[PDB]
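Visitor: Right, I'll just put the structure down here and ask away after.
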Amino acid sequence: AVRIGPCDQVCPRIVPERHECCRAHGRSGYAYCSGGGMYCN
């Protein structure tokens, strides 16, 4: 699990946008937002 660029910005967005960030950045999918940035699977 790692952090994506806009994932922190699209974290508070809807549901399809949250999974779209990780999937669009070559990541497994949306996992959770901790500390000060969103983290993908």
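Residues in the structure tokens are numbered from 1 in each chain, the chains being A, B, ... in the order shown, and ligands are numbered from 1 in the order shown.
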Excluding residue 37 of chain A and its own-chain neighbours fewer than 6 positions away, which residues fall within 12 Å of it when counting only C-alpha atoms? Please give them as a list in words.
Guide: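 So, after excluding close chain neighbours, the residues are residues 2, 3, 4, 5, 6, 7, 8, 9, 10, 11, 12, 30 and 31 of chain A.
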Visitor: Return as a compact mmCIF listing (two decimals) with N, CA, C and O atoms, in the first residue's frame the full set of residues in chain A whose backbone-based DSSP assignment is alpha helix (DSSP H).
Guide:
```
# COMPACT_ATOMS: atom_id res chain seq x y z
N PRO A 16 -16.63 6.49 -6.71
CA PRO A 16 -15.95 6.10 -7.98
C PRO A 16 -14.69 6.94 -8.23
O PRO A 16 -13.74 6.48 -8.83
N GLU A 17 -14.66 8.16 -7.74
CA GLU A 17 -13.44 9.02 -7.92
C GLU A 17 -12.32 8.53 -7.00
O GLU A 17 -11.16 8.56 -7.36
N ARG A 18 -12.67 8.06 -5.82
CA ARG A 18 -11.63 7.55 -4.87
C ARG A 18 -10.92 6.33 -5.46
O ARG A 18 -9.71 6.24 -5.45
N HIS A 19 -11.67 5.39 -6.00
CA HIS A 19 -11.06 4.18 -6.61
C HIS A 19 -10.42 4.53 -7.96
O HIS A 19 -9.48 3.88 -8.40
N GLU A 20 -10.91 5.55 -8.62
CA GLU A 20 -10.34 5.96 -9.94
C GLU A 20 -8.90 6.48 -9.76
O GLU A 20 -8.05 6.22 -10.58
N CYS A 21 -8.63 7.21 -8.70
CA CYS A 21 -7.25 7.75 -8.48
C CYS A 21 -6.22 6.61 -8.40
O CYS A 21 -5.29 6.57 -9.18
N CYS A 22 -6.39 5.70 -7.48
CA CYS A 22 -5.42 4.56 -7.34
C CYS A 22 -5.34 3.76 -8.65
O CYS A 22 -4.27 3.52 -9.18
N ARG A 23 -6.47 3.33 -9.17
CA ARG A 23 -6.46 2.53 -10.44
C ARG A 23 -5.80 3.32 -11.59
O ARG A 23 -5.10 2.75 -12.41
N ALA A 24 -6.00 4.61 -11.65
CA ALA A 24 -5.38 5.43 -12.74
C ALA A 24 -3.88 5.63 -12.51
O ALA A 24 -3.14 5.89 -13.44
```
Visitor: Could you please write out, as number ranges by chain, every residue of chain A that DSSP assigns to strand (DSSP E)?
Guide: A: 2-3, 30-34, 37-40
Visitor: Keeping only N, CA, C and O atoms, take the residues you just selected and write them out as a PDB file, in the first residue's frame.
Guide:
```pdb
ATOM      1  N   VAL A   2       0.613   2.179  -0.898  1.00  0.00           N
ATOM      2  CA  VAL A   2       1.427   3.437  -0.961  1.00  0.00           C
ATOM      3  C   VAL A   2       0.513   4.660  -1.118  1.00  0.00           C
ATOM      4  O   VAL A   2      -0.697   4.546  -1.102  1.00  0.00           O
ATOM      5  N   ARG A   3       1.090   5.827  -1.269  1.00  0.00           N
ATOM      6  CA  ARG A   3       0.264   7.064  -1.428  1.00  0.00           C
ATOM      7  C   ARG A   3       0.302   7.552  -2.882  1.00  0.00           C
ATOM      8  O   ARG A   3       1.311   7.453  -3.557  1.00  0.00           O
ATOM      9  N   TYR A  30      -8.437   1.919  -3.983  1.00  0.00           N
ATOM     10  CA  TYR A  30      -8.472   2.838  -2.800  1.00  0.00           C
ATOM     11  C   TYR A  30      -8.478   2.024  -1.498  1.00  0.00           C
ATOM     12  O   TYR A  30      -9.302   1.146  -1.312  1.00  0.00           O
ATOM     13  N   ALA A  31      -7.570   2.316  -0.598  1.00  0.00           N
ATOM     14  CA  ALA A  31      -7.520   1.568   0.696  1.00  0.00           C
ATOM     15  C   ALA A  31      -8.055   2.445   1.836  1.00  0.00           C
ATOM     16  O   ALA A  31      -9.074   2.143   2.428  1.00  0.00           O
ATOM     17  N   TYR A  32      -7.369   3.522   2.151  1.00  0.00           N
ATOM     18  CA  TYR A  32      -7.825   4.419   3.262  1.00  0.00           C
ATOM     19  C   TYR A  32      -6.985   5.704   3.299  1.00  0.00           C
ATOM     20  O   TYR A  32      -5.891   5.756   2.771  1.00  0.00           O
ATOM     21  N   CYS A  33      -7.484   6.731   3.943  1.00  0.00           N
ATOM     22  CA  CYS A  33      -6.714   8.008   4.044  1.00  0.00           C
ATOM     23  C   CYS A  33      -6.227   8.186   5.486  1.00  0.00           C
ATOM     24  O   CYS A  33      -7.015   8.381   6.394  1.00  0.00           O
ATOM     25  N   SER A  34      -4.938   8.106   5.705  1.00  0.00           N
ATOM     26  CA  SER A  34      -4.400   8.255   7.092  1.00  0.00           C
ATOM     27  C   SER A  34      -3.317   9.341   7.139  1.00  0.00           C
ATOM     28  O   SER A  34      -2.730   9.690   6.131  1.00  0.00           O
ATOM     29  N   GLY A  37      -2.586  12.161   3.887  1.00  0.00           N
ATOM     30  CA  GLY A  37      -2.540  11.738   2.456  1.00  0.00           C
ATOM     31  C   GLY A  37      -3.330  10.438   2.264  1.00  0.00           C
ATOM     32  O   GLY A  37      -3.388   9.601   3.146  1.00  0.00           O
ATOM     33  N   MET A  38      -3.930  10.262   1.110  1.00  0.00           N
ATOM     34  CA  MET A  38      -4.713   9.014   0.844  1.00  0.00           C
ATOM     35  C   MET A  38      -3.763   7.862   0.501  1.00  0.00           C
ATOM     36  O   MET A  38      -2.719   8.061  -0.092  1.00  0.00           O
ATOM     37  N   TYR A  39      -4.122   6.658   0.873  1.00  0.00           N
ATOM     38  CA  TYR A  39      -3.246   5.486   0.576  1.00  0.00           C
ATOM     39  C   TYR A  39      -4.006   4.447  -0.254  1.00  0.00           C
ATOM     40  O   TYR A  39      -5.119   4.075   0.068  1.00  0.00           O
ATOM     41  N   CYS A  40      -3.403   3.973  -1.315  1.00  0.00           N
ATOM     42  CA  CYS A  40      -4.069   2.944  -2.170  1.00  0.00           C
ATOM     43  C   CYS A  40      -3.587   1.545  -1.770  1.00  0.00           C
ATOM     44  O   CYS A  40      -2.623   1.399  -1.040  1.00  0.00           O
TER      45      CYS A  40
END
```
